[PDB]
Trainee: 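The structure that follows is given in the form of structure tokens.
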Amino acid sequence: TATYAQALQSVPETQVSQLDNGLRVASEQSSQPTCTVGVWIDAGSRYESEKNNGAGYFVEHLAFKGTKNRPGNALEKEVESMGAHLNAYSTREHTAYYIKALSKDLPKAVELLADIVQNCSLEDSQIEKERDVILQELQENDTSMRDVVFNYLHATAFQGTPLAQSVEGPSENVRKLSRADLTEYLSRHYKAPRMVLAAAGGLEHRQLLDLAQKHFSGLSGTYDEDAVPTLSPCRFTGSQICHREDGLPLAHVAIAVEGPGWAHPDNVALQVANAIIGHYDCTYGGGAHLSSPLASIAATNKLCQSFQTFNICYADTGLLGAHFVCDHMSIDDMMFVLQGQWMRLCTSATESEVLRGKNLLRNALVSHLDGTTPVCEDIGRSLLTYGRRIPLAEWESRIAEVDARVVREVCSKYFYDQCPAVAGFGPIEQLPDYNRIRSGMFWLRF
Amino acid sequence: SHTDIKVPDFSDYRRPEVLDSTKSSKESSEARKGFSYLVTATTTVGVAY
Amino acid sequence: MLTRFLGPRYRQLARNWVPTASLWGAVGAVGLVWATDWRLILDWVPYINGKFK
Amino acid sequence: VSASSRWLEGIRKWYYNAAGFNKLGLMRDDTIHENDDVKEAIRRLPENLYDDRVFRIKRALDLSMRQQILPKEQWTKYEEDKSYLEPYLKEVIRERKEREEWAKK
Amino acid sequence: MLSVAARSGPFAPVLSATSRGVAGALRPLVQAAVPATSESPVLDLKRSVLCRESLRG
Amino acid sequence: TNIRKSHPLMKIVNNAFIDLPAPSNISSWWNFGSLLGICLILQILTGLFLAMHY
Amino acid sequence: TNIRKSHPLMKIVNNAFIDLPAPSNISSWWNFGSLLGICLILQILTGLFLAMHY
Amino acid sequence: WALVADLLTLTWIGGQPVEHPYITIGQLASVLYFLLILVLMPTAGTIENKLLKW
Amino acid sequence: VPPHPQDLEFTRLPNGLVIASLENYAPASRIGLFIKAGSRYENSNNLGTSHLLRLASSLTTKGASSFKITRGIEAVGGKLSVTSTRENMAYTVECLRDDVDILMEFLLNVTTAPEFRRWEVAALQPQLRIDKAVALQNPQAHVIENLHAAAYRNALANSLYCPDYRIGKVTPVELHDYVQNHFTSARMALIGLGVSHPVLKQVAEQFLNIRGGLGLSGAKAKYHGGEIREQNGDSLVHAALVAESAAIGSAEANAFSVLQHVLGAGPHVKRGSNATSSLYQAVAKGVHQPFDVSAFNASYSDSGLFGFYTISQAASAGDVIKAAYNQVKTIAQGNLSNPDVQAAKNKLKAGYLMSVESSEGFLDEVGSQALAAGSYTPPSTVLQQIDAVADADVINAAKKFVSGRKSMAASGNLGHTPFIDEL
Amino acid sequence: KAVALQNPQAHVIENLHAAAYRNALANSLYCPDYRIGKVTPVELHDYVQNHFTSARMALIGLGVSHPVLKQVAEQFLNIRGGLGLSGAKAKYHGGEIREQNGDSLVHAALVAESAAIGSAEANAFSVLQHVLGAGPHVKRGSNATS
Ligand SMILES: COC1=C(OC)C(=O)C(C/C=C(\C)CCC=C(C)C)=C(C)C1=O
Ligand SMILES: COC1=C(OC)C(=O)C(C/C=C(\C)CCC=C(C)C)=C(C)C1=O
């Protein structure tokens, strides 16, 4: 049989083409009877000002509700009738609209995607209906303690920059954003050099290219004009937001140092180090015996309900750290053990646990790129962020290079003696003071 | 509606090399800790004497 | 009997802590020399000279 | 079938009688030092063996206070001495040494 | 087409060593958070939503 | 609720000298600990009254 | 689980001098308590070195 | 009990002048003090373990 | 430009065990052992035993300790999972290609050599409570458990989760007895993705030759009918209405599958009106507040349950149930267009093809097929099987639901939720 | 609730009434678990003000005079601002409720709709109850006429 090493070579190359307006069109072909197609746009809340914050989110609500060719429910009627799935998401940096469909349905699926992007018929009555829907969604998101702390951590880490803003916007923006605000956003941002037609599945690249010229070519043939549109770095702070609510039964805490952006090679080693610390929740089988010292100590001594490590990437910055959920009498112990692990990895990381993290990352990467949809997302996202698709064999090369020395170097660079951003929500009396969290970021013994 | 929470302006209290929100703090990071640790380093030297 | 602490990980862990343990010795040597005014060592030090000539 | 293994057994029986925990109705495994390996082995013991052990130790600590000893008929015979803790203890030692082998890598 | 959860409706639970517990199938609550005020009590002596072993390069 | 059990000073006395669980069991060889304390205060008390004139 | 928090001696130090919840609030007039302690050990230390020759 | 009696031996020698029989037997008692604690008592414990099939 | 893909290979051994494998040339391998060991095989003396079993997979085996299973799997970045239906348990195992042997060894140990040590079993009992608590945070879990308890006398009435009174009370013997009478050759399937067929066949012949157990897909499930009601005041009422339908891999089951997509399963568009969902439009007509409706379709070895599931406001529940039930009645009366069956056929076909896109969905489909049918049915003959469903068949499935003795479970403020006789 | 529900009879007869009725008589004597902590001062006030009224009350006294009671009633028990009937009428439904225990013993009750209190038919039920057999009459007896 093939090895793991051989198996990565046998993964077929992503084919890339540029259309004349600057729309990139990209496809990974497999043998599958189904596909995923979609448009990834370099647009999100980081591009929005104070006054139009939440516009893209508003557009996301309007994108599927009618076009100039397919008014009202006509689009969803066509998607439903062929058994397709039409989906969307919005982050701080990326918007996506994608269709899960039969491979024989890729002609119509590309035709619909173009119709959504170019020809959004934002009828005044529809934008009024969506006002109340988004407002209710804000009330819903208030009850998710995870979503609140991560919004809080962004709001404090990126303090006075566009990365501080939520995707959905404030409620005053939701109730006063006009159609003209929305079309101005669409005009400025939905432009061909900034968006990617991605596909994965049972398709030739040739026909993906054909359909791209067929349906997308009226986008930026002479629309390459106005201030097109530089992002600018976001100042990370080192600060604390503490929403004390003793009426909630569990504390949420998220803590992060400033990460580097999408581009940086340091991400691979940081991800290895994050894998060593890992994740946990209360439904994990066998707690005491888990490899991660944090996960093991948390399970045995009932220190939390869950934790997760993360490395959120933006352009030229990010959030590197962890989040947890615990009882009111446990925040101090959780924070102690978390910080000790960061410190341990900076100073005294060893060969064996780094192998375990390396292996966890190969297993995560490969297990993630499994299905037409995650592969299509990855084609789309990667061309926005790296400008290539980075093939699986390259990641393996980048993973393999990481050893204990790299983990000690790269963790020290971002973690050791750095100011964290801290976000606390719930019963947080026992959340350590910021000075004492700052003091947890170095070791007196080292 | 938790999305109505902005962190208030801290310009009044900020170190001068950290007032530009358009510019990275990582650059002034070594300097700012440098100044504050030099204070404690000199104090320890002073107390040591 | 101490054989628990002998293997590749503890060899790496000792190697990591060696520059630190060396520097903590270097801290303590100078600190002893400074506290006692250790005449033997401080005669070498080209500007610290309380004894004339 | 050995004269010499009968001899070692007779030195062992001699030592057993000299040790004199059997005089208080104790078994050997009642007298073991409670370290972390041993505390866990005790934790792992089934209901009946647990409850027998506490009473034997109760009876011994009672006698040791009175500075008295059981009637000879009621001393635990060396041949009747059940090694009831040992298999659990071996397993607890076996599990720890596996952990310690993993901590080495 | 022989599989109860792929038929989409009846209930399946998953346990693991490294990954969060899962429940269930196709009962509705995807066109139910769409007309809104389904708050759903999200985070009260409770596991993690969305699952994690799905990390990037 | 006992005065002996909850008063912040008597707490210390109770958990050392009164309610402290001790073996049924300990012989005359365990008497020497208290005897060392008696010795300590005897030497303190006489030593004080000698210091008054030395 | 912290060494500072559970060691029977350091427990006492931690619950008095480190983790002790104190008002955000107390002014310079609250400095005199520690100053009395400093005074106490200053007088003990000098008093000892005077007793060596008196 | 060899340790107690050897200690009793050493306090007897301590009481005597540094002359003929006393120099050697005090040297042997010194050696026995350190040999009992370091070597002979740990070995006794192992033998006792082996005799109980432990 | 991909490689020309390998065919799946499939083997029934004389002892009844089924081995199926696919060499996708993938970086990772997936291996599952599928066992007819789900909750339906419990009885009234051992309820919850298959729950504790589902939680017990990293307890000590013969030459692999609890510590070793956790550490060894994690050292190579692997997973071990156990998923259960009312019919099956499924022990699956993932790693990179190079690491199959160690994870296979852990798998075989877990499934054929568990020790169920008294104290390990004891330390695990509280985990039933945590696991049940987390699962039962979704109101759907309460409803569908109560739905099955209401519907059946027997077997399929059993919960996926341990009854509260049994927590702390399931024994090492009951676990041993459960494995020894259910985890046997003629009740097992060994499926592997990214392994060779000779390696799997070899593993099966060396390590999976057990029998001293039961034979059938069980004591046969007796459909009873009835209703279970749980007062909450949860702001929302969850209700499910159901009748006996068709056993899995009968032709009639496909008719139920298609009717499910006429009436409407899940949504297709993020935030959409569900235009071609006939239940959703029917409720929407006379109800002007937040609701949901889906068709519900659960097919088993020897029975099925078809109908619908509603979420609505407490005061609206009666109206939502009656609008939904009338919409089914209207298809039973024959008002069903050829284009509507065809769209439902398109959703079902595409749904199924998307279902098997990933390794996880492929392996579970191949595993359950091997247990239900004794066979592997490729995608295109499933599609052929769906195509053969006549319009009359879908009318006939709706007729069967409307005329058949009902089962109902509901939870919420039930002050305006109807009983079965009020419908 | 915990103390009361230690008798298996309490579970059974509560479930029996819940099974039997749509309505009214289906309600438990004991608070549903989800309501514990959730019943309010307003709900208590509203309950007293619509049920504790003159036309819903009786004042009975043993070893008191009738003039004293009559006086007490006329001075202190003249309330109305409440409901009228013996209620929303109880709808008999029928059905079964099943609670798995393994309690060594099974408690079962089988029941049908009978007769309203102080109808002639209720006396027929009362007599049939003693044909079939109510409680025992003899300590440790065989219950010969039961
Ligand atoms: C658990 O064992 C204990 C004993 O049982 C054998 C004692 O008898 C005593 C009594 C000791 C006294 C009176 C000396 C106190 C010393 C000072 C410096 C005040 C103590 C404290 C003890 O802990
Ligand atoms: C809750 O308020 C407290 C303070 O806040 C104003 C203090 O500053 C101090 C510090 C006191 C010291 C160093 C004196 C110790 C005395 C002796 C005899 C060793 C203490 C104990 C205290 O309780």
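The chains referred to below are lettered A, B, ... by the order of the sequence lines, with proteins before strands, and numbering in each begins at 1. What you see below is based on every heavy atom in this structure, not just the backbone, and it leaves out hydrogens, waters and symmetry mates. Each ligand, and each atom within it, is numbered from 1 in the order the structure gives.
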Trainee: Would you indicate whether the side-chain heavy atoms of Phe324(A) and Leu294(A) approach each other to under 4.5 Å?
Mentor: no
Trainee: So which residues, sorted by chain and number, lie with a heavy atom under 4.0 Å of ligand 2?
Mentor: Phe17(G), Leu20(G), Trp30(G), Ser34(G), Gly37(G)
Trainee: Taking the side chain as every heavy atom from C-beta outward, state whether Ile18(F) and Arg4(F) have any atom pair closer than 4.5 Å.
Mentor: yes
Trainee: Out of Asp62(D), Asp30(D), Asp29(D), which residue meets the salt bridge (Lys or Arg N to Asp or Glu O under 4.0 Å) rule with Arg56(D)?
Mentor: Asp30(D)
Trainee: Show your working on side chain to side chain contact (heavy atoms under 4.5 Å, CB included) between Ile428(A) and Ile331(A) and close with a plain yes or no.
Mentor: CA-CA 8 Å; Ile428(A) 54 161; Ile331(A) 310 161; 4.3 Å; yes
Trainee: Does this structure show an ion pair linking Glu86(D) with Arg28(D), if we count only N-O contacts that are shorter than 4.0 Å?
Mentor: yes
Trainee: Is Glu95(D) salt-bridged to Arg44(D), cutoff N-O under 4.0 Å?
Mentor: yes
